[PDB]
Amino acid sequence: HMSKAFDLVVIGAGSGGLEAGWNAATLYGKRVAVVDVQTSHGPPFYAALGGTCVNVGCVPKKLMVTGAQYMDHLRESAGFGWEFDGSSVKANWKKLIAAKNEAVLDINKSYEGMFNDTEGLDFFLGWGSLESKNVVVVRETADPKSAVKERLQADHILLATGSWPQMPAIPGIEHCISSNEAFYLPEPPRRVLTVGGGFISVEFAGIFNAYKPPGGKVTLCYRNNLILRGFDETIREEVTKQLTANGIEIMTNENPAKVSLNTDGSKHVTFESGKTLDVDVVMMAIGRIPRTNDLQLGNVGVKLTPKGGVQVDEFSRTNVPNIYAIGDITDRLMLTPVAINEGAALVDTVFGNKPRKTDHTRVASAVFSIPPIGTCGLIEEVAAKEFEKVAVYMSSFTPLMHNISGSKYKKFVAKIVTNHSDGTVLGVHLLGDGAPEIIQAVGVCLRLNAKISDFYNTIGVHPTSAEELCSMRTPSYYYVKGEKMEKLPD
Amino acid sequence: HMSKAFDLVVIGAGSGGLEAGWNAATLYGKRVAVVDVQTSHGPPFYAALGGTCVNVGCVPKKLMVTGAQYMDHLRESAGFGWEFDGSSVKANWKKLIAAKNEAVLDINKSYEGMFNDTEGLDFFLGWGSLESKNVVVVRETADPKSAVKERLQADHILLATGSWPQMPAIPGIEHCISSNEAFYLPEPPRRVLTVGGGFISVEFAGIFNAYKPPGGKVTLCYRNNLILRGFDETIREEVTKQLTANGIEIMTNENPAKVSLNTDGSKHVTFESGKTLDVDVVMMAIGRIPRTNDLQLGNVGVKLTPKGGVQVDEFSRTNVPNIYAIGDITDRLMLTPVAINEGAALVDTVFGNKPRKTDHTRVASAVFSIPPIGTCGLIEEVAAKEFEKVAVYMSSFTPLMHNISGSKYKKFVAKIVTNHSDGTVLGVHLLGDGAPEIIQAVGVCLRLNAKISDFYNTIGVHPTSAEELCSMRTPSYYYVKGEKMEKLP
Ligand SMILES: Cc1cc2nc3c(=O)[nH]c(=O)nc-3n(C[C@H](O)[C@H](O)[C@H](O)COP(=O)(O)OP(=O)(O)OC[C@H]3O[C@@H](n4cnc5c(N)ncnc54)[C@H](O)[C@@H]3O)c2cc1C
Ligand SMILES: Cc1cc2nc3c(=O)[nH]c(=O)nc-3n(C[C@H](O)[C@H](O)[C@H](O)COP(=O)(O)OP(=O)(O)OC[C@H]3O[C@@H](n4cnc5c(N)ncnc54)[C@H](O)[C@@H]3O)c2cc1C
Ligand SMILES: CN(CCCN1CN(c2ccccc2)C2(CCN(CC[C@@H]3CC[C@H]4C[C@@H]3C4(C)C)CC2)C1=O)CC1(O)CCN(C(=N)N)CC1
Ligand SMILES: CN(CCCN1CN(c2ccccc2)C2(CCN(CC[C@@H]3CC[C@H]4C[C@@H]3C4(C)C)CC2)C1=O)CC1(O)CCN(C(=N)N)CC1
Ligand SMILES: CN(CCCN1CN(c2ccccc2)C2(CCN(CC[C@@H]3CC[C@H]4C[C@@H]3C4(C)C)CC2)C1=O)CC1(O)CCN(C(=N)N)CC1
Ligand SMILES: CN(CCCN1CN(c2ccccc2)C2(CCN(CC[C@@H]3CC[C@H]4C[C@@H]3C4(C)C)CC2)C1=O)CC1(O)CCN(C(=N)N)CC1
């Protein structure tokens, strides 16, 4: 049962856990154990070796959004002279899912090869939990009464089990799915309700909108007034219009009260307001919660936050000295590259003895909505509270290609938020094609404390959308002590 | 004929000339005249109000490349489950050209509105030339014996007439076209030869490749071993492979010696080697030369360089005090945003009395090839001569989508060149989808003297191609005193 001492035992072979494990083994020559619940994607556990991103997150959803974008490309090609039989166009969901599955499986297999070929980096199949401060027990199932496969003696323990979809406690919740199941639907739904205002709901609404069979309809509902809270307000409003223009129904200030089955097997959703909707799939995407319930954290007294995340300091330390937590389990920025950076920083701190912490400010991120979002740093509302004088530079225009394409609704939006006292760029927010690619090097600019003048004195690359960031010299409006106004008082 | 004094007379209403004119009129309250040969795009002189970029350059080119990209999208859609009758797919070139024409004409019309609505900004139709230091004459044609339309008295003169396609002196050059005429072909050529290894040749090869009718073939020829001289060598090699994979024939070490007309109107090209090729169109894209012949610069003695550009200092000043030159006529970086920047800087210097100059280093640019290129700063061969220790960081990978799409040849290439003594990024070179958009903010990073660690300590955006720029920690190889090697001593 008991193992030889590992320097590090990682529970969860995902984005953060694999970076920590790999770095500890290869950069510092340490003996590392990594635990996960299966070696390949999909039911019943969905996540697997590689993590949520590889298996049921960033990687497959990006492939599926790319697939969905072809609906727009096929239509838009006509404006540039492409002609074909429109009545022959069919979207084969089964083919998409099969191709996605092969791609994810290849990644699963490549991670299996990493463990085989790397000395001092060992994989253990099963469910990890804390028996004591220096013992991780690996059992056959999530049930703590299931059979022990081994006990891993651990000098250090890393909790990196990620998050899991939140499901509301409403009648007929068992008739709904999450993003996990959406990845394995045997057929594309004719009618679908995506529940939530966040990026997962918005992204899947776009995917379903493109692959739906004839006479179909995608509806997104959100309990508050405006989707995508935490993103730039102009972009939130503008994405809503552009989703609507592509046939997606957006129900704001609406929330399901119950779901029941119609006699034909479809789902009848009743909302709190009294509204109803019949759909084939109800996909819940209202949040993700830290995955702590199976770790038996009470055995060692690892503290959780009020919201349920493992409580950590800036260096990923729990209240128990040799036990650390990174990634989505900490309930902060649920992004793969953040988990990776936290894992790397942790290993440098613990095994390199040079403390390093992840900077959670000015992190660039994206929403692969159609059209997509790219963002880095503060929205103007948040900046207006932290700084006395804030300037907002805004450009909004339909690119010339979309006059020709017939998608006149596709406005590109670029916004730069600054501290007007010294011109320091506090945030950049982009909506439109290429936005996720444009924003990466903007992340590097914000790390370097770029000012607005560093942007407008840089020579543009023409013709691009990106050059709009270097063409904004004069603020569109300001915030003075929190108060919006077009001009500054003298 | 002789006007009242203008503060500035601009010859050429293009990228640089319009920026200068607008800024001088609106920011400094000056009285400005701008001269161009046409009010809208197309034959006989092609460029017009708006410049080369608007009329027969960046703007229409980009729309046409966007059109061409749909051949790849339609094909690649099948990998993601899209099904349709492939046998019904046709590319209507006439429809592309008509849409392009409307878009460009709208821009021409908006520029007419600018002149109508702006006090002290006046447009004059005709051919500008220098009569004397303080007089620009506007004539009916480029012939200096043609009729005078008016004489413009000028306190300052800006030469901003751009450039023009270079045509080799071969027998049957009259049977060839340039990029100018390519924009107005009534039908897409079944067979086309694009002559030259530069960006225009490569871009048009991609355009013609997508719109060619059945049984078609695009051939690109270049007189030396490898296309795209001046770009990163890895990218030059890789883009050659990717063009070939999309069906374009690349003829290196070949150059046309003559062209004759076949009896069906097609062209018979004979190369210097003795090889021959029959094509429907021969597009010369061997270079662009400064447009100085019609300005009568000998009347005032404005100095040209040995290459033929108007000689200028770093502030765009000629050898004659009140006469300046910006844009492609200076024969340096032939890019629209550089011409614009030069025009703004000139006006601040002359009318603001606060001297400003354009920085011609670390300028980001793109090639809208399929796949496209984005680049900023130095290639490693140039860096290795100027710096003692240079590191090259390189990543080349086929993106995951392109396993599914069936275009496995579409490798993304990311290269960072640094001064290894302090880690300062000297250049960044990208090949693959998104490269032109990725490289813009990289331009800003280089202005801020970004080091390699500023890239690899920035958190990635995932999944993107761009995040490869933040994932390269260890050099792939070095140059030490100009000598390539895998490891340092
Ligand atoms: C639909 C969707 C789309 C997303 N898109 C993006 C995107 O575009 N960009 C982006 O940056 N982020 C995206 N994310 C977020 C990203 O997936 C996460 O932030 C990231 O995966 C978190 O990494 P981690 O190391 O915290 O945990 P994960 O990568 O989730 O790994 C946790 C692993 O632990 C395993 N595990 C759980 N419990 C146990 C146990 N008791 N014993 C052993 N193993 C266990 C799981 O099987 C899993 O493989 C997306 C998420 C979802 C759901
Ligand atoms: C096919 C092609 C594609 C290109 N693509 C790009 C790109 O993607 N990105 C990029 O940055 N650059 C591109 N360029 C380069 C860009 O177009 C030029 O750098 C830019 O237009 C130069 O601006 P300018 O002010 O020097 O002159 P121009 O914009 O060329 O303007 C010169 C004007 O002067 C007029 N003129 C000439 N002689 C006289 C006279 N005697 N009297 C009156 N008027 C006169 C012409 O009609 C013309 O309108 C491209 C060029 C070509 C040919
Ligand atoms: C009677 N035939 C004739 C063909 C008519 N069809 C069938 N069809 C279809 C699509 C998927 C599964 C089964 C049938 C389509 C539906 C609508 N079009 C939409 C094409 C869109 C419209 C604009 C842009 C996006 C895409 C572009 C043409 C590129 C595709 C073909 C269509 O127009 C078809 C059916 O038998 C198939 C079954 N039908 C159904 N379930 N409603 C319709 C009748
Ligand atoms: C960020 N990585 C840490 C992860 C380490 N490894 C090592 N490794 C490996 C595989 C076989 C033998 C030896 C080592 C891999 C390399 C490739 N990965 C696949 C990564 C995919 C690519 C696309 C998406 C899914 C996952 C994402 C990058 C998230 C599997 C395992 C891997 O990810 C740093 C690396 O330098 C590790 C070493 N690398 C390499 N040997 N090619 C490249 C990347
Ligand atoms: C179905 N018929 C007529 C359609 C054949 N055509 C005509 N045609 C065409 C294209 C432009 C103008 C005039 C006629 C094409 C030839 C070229 N292909 C292009 C294939 C594209 C290339 C990129 C993407 C779209 C499709 C993909 C590979 C999916 C479609 C249209 C095509 O496949 C075919 C036959 O008559 C010809 C072959 N047959 C025979 N030798 N006995 C019998 C059947
Ligand atoms: C520094 N200037 C350079 C030249 C100024 N003007 C002023 N102007 C104008 C037009 C009518 C009445 C008064 C002033 C224009 C506005 C935009 N242009 C249209 C040209 C488009 C804009 C961008 C690309 C597509 C085409 C390109 C210039 C190639 C016409 C002339 C213009 O370009 C830039 C702007 O003034 C241009 C106008 N701007 C805008 N509408 N948002 C941004 C600032």
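Method information in the entry identifies X-ray crystallography as the source of the structure, with 1.977 Å recorded as the resolution.

This part takes up the overall build of chain A. Assigned secondary structure in chain A consists of 12 helices and 27 strands. Here chain A has a C-alpha radius of gyration of 24 Å; the compact-globule value for 490 residues is 23 Å, and the two agree. Its C-alpha atoms give chain A principal-axis dimensions of roughly 70 × 65 × 45 Å. A sequence separation of at least 24 residues applies to 65% of the contacts in chain A between residues at least 6 apart. Just so you have it, chain A exposes about 19,700 Å², and 49% of that area is on carbon and sulfur atoms. Taken together, the 49 basic and 53 acidic charged side chains of chain A have centroids lying 2 Å from each other.

A few words now on the site of ligand 4. Neighbouring ligand 4 are the residues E19, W22, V54, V59, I107, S110, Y111 and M114 of chain A together with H462 of chain B. Those chains with residues close to ligand 4 are chains A and B. Broken down by secondary-structure element, the contributors of at least two residues to the shell around ligand 4 are helix 1 (15-26) and helix 4 (93-117) of chain A. Looking at which element gives the most residues to the shell around ligand 4, the answer is helix 4 of chain A, with 4 residues. Of the residues that constitute the shell around ligand 4, the class distribution is 6 nonpolar, 2 polar and 1 charged.

It is worth spelling out the domain arrangement of chain B at this point. All names here are of chain B. According to the domain assignment, chain B consists of domain 1 (1-165 + 287-361), domain 2 (166-286) and domain 3 (362-473). Centre-to-centre separation of domain 1 and domain 3, based on C-alpha positions: 31 Å. Facing the 16 residues of domain 1 at the interface are 13 residues of domain 3. A buried area of about 1,200 Å², summed over both sides, lies between domain 1 and domain 3, and 59% of it is on carbon and sulfur atoms. Here domain 1 is connected to domain 3 by 8 residue pairs in polar contact. If you tally residues by element for the side of domain 1 that touches domain 3, the top one is helix 3 (residues 58-77), at 8 residues.

Turning next to the sheet that holds strand 17 (residues 276-279) of chain A. Residues and elements named next belong to chain A. With antiparallel pairing, the 3 strands of this open sheet are ordered in space as 15-16-17. Two strands in the sheet have a free side with no partner beyond their single neighbour: strand 15 (256-261) and strand 17. Ignoring strand direction, the axes of neighbouring strands in this sheet form an average angle of 20°.

Now for the nonpolar core. In summary, soluble globular proteins display a tendency toward joint burial of nonpolar side chains. In terms of nonpolar packing, the biggest core is built from 157 residues, with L469 of chain A together with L469 of chain B touching the most fellow members. Ignoring anything within four residues of it in the chain, the contact list for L469 of chain A reads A414, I416, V428, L430, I438, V442 and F455 of chain A.

Before going further, it helps to spend a moment on the state of the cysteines. Applying the stated rule across the entire model yields 2 disulfides over all chains. Disulfide pairing places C53 of chain A opposite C58 of chain A at an S-S distance of 2.0 Å. A torsion of -140° about the S-S bond marks the disulfide between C53 of chain A and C58 of chain A as left-handed. For the pair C53 of chain A and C58 of chain A, a shared accessibility class is recorded, and that class is buried. Here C53 of chain B engages in a disulfide with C58 of chain B; their sulfurs sit 2.1 Å apart. As the torsion about the S-S bond is roughly -135°, the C53 of chain B-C58 of chain B disulfide counts as left-handed. Like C53 of chain B, the residue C58 of chain B is buried in the burial classification.

All names here are of chain B. Between helix 1 (residues 15-26) and helix 8 (residues 336-351), whose axes approach to 7 Å, the crossing angle comes to 30°. Viewed along their axes, helix 1 and helix 8 form a crossing whose handedness is right-handed. Mapping the contact onto sequence places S15, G16, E19, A20, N23 and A24 in helix 1 and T336, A339, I340, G343, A344, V347 and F351 in helix 8. Each residue belonging to the contact of helix 1 with helix 8 can be placed in one class, and the counts come to 7 nonpolar, 5 polar and 1 charged.

What follows covers the interface of chain A and chain B. At the junction of the two partners, chain A supplies 76 residues and chain B supplies 76 residues. Surface buried jointly by chain A and chain B totals about 6,600 Å² across both partners, of which 69% is contributed by carbon and sulfur atoms. The interface formed by chain A and chain B holds 3 salt bridges in total. Between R447 of chain B and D454 of chain A there is a salt bridge whose closest N-O contact spans 3.3 Å. Across the contact surface, chain A and chain B share 27 residue pairs in polar contact. Per element, the largest residue contribution to the side of chain A that touches chain B is 12 residues, and it comes from helix 3 (residues 58-77) of chain A. Classifying every residue of the side of chain A that touches chain B by side-chain character gives 43 nonpolar, 21 polar and 12 charged. Relative to strand 3 (residues 82-83) of chain B, strand 4 (residues 90-91) of chain A is paired through 2 bridges, and the arrangement is antiparallel. Along strand 3 of chain B, the bridge assignment pairs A91 of chain A with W82 of chain B.

Further remarks concern the packing of aromatic side chains. Considering all chains together, one arrives at 25 aromatic pairs over all chains under this definition. Note on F6 of chain A and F124 of chain A: the rings are 5.8 Å apart at their centroids and 85° apart in plane angle, and the pair reads as edge-to-face. With a gap of 118 residues between them, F6 of chain A in the segment before strand 1 (8-11) and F124 of chain A in strand 5 (residues 121-125) connect regions that are remote in the sequence. Residue classification places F6 of chain A among the buried residues on the basis of a relative accessible area of 1%. For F124 of chain A, a relative accessible area of 19% translates into the label buried. Between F115 of chain A and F123 of chain A, the ring centres sit 5.6 Å apart and the planes meet at 55°, which makes this aromatic pair tilted. For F123 of chain A, a relative accessible area of 23% corresponds to the partly exposed category. One aromatic cluster is present, built from ring pairs that chain together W82 of chain A together with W93, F183, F204, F208 and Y211 of chain B. Above the face of the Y184 of chain A ring, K100 of chain A is positioned so that its terminal group lies 4.0 Å from the ring centre. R31 of chain B extends its terminal NZ or CZ atom over the ring of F6 of chain B, reaching a point 3.9 Å from the ring centre.

Basis of the calculations
- Residues numbered from 1 in each chain as written, not as in the entry; some residues may be left out.
- Chains lettered and ligands numbered in written order.
- Heavy atoms only, no water.
- Helix = DSSP H or I, 4+ residues; strand = E, 2+ residues; numbered from the N terminus.
- Rg over C-alpha atoms; globule rule 2.2 N^0.38 Å.
- Contact = heavy atoms within 4.5 Å.
- Areas by Shrake-Rupley, 256 points an atom, 1.4 Å probe, with all protein chains shown as cover.
- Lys, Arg positive; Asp, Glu negative; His and termini not counted.
- Charge placed at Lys NZ, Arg CZ, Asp CG, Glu CD.
- Near = heavy atom within 4 Å.
- Nonpolar A, V, L, I, M, F, W, Y, C, P; charged D, E, K, R; others polar.
- Domains from an automatic or database assignment.
- Buried area = accessible area lost by both parts, 1.4 Å probe.
- Polar contact = N/O pair within 3.5 Å; in protein donor to acceptor, adjacent residues only side chain to side chain.
- Pairing = 2+ DSSP bridges.
- Axes fitted to C-alpha atoms, helices over the stretch in contact; angles between N-to-C directions.
- Core = buried A, V, L, I, M, F, W, Y, C linked by side-chain atoms within 4.5 Å.
- Buried < 20%, exposed > 50% of the residue type's maximum accessible area, 1.4 Å probe, protein only.
- Disulfide = S-S within 2.5 Å.
- Left-handed = near helix turned anticlockwise from the far one by under 90°.
- Salt bridge = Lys/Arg side-chain N within 4 Å of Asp/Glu carboxyl O.
- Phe/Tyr/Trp six-rings, centres within 6.5 Å; stacked < 30°, edge-to-face > 60°.
- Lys NZ or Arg CZ within 6 Å of the ring centre and 35° of its normal.

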